[PDB]
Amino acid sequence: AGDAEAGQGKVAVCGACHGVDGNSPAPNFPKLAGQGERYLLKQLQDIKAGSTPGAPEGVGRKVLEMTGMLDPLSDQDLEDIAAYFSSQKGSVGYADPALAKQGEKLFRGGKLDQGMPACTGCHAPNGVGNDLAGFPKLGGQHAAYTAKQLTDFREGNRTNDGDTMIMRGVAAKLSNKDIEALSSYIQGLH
């Protein structure tokens, strides 16, 4: 576990994009505020490994917008940063019913015809996740971000679910329309 107060001092470069408290309105930059600490730590570690210049291909999580950024930070610094954002208050955004009605049916019901589970079992009915398990909070996340993650899991661009193999398999059954719908619903969910 990290020291949130210490992490508050280690995130100046992050602020422009993620916001000082981890809530920015920038739709492609994920909100970090109130995310589970274990999840954030894993992602920081994975992003650090996959985004360093010369990283071996397919390792970790390669975030182009964060190349080299986490390189000077030690493990404990990443924990402190995770603790800092997890301690912040998340926000909720807009769920357009034209999309979010179908998004809700998918989120709660899955696509059992295609063997795809509902999302609620791991990410909770209100999208708060399960951080003791490391299942991320989704509720309130920017739709464009969420949509990109589901697309990346489906297309094999995001592969840092290897410890569980879960999201690659889930996202494989989602259409572009399904992803748009889910992401809209999730943006307003709490």
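For every residue, the number given is its place in the sequence shown, counted from 1.
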TODO: Using only the Cα atoms and their B-factors as the entry lists them, report which of 135-143 and 58-66 averages higher.
DONE: 58-66
Open item on the list: Please compare 36-44 with 160-168 and say which has the higher mean C-alpha temperature factor in the record.
Closed with: 160-168
- [ ] By the entry's C-alpha temperature factors, tell me which of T120, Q102, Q114, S86 sits highest.
- [x] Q114
- [ ] Comparing against every modelled residue in the chain, figure out the third that the C-alpha B-factor of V20 lands in (lowest, middle or highest).
- [x] highest
- [ ] Divide the modelled residues of the chain into thirds by Cα B-factor and specify which third, lowest, middle or highest, holds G129.
- [x] middle
TODO: Comparing against every modelled residue in the chain, figure out the third that the C-alpha B-factor of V13 lands in (lowest, middle or highest).
DONE: highest
Task: Relative C-alpha B-factor of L150, binned into the chain's lowest, middle or highest third - done: lowest
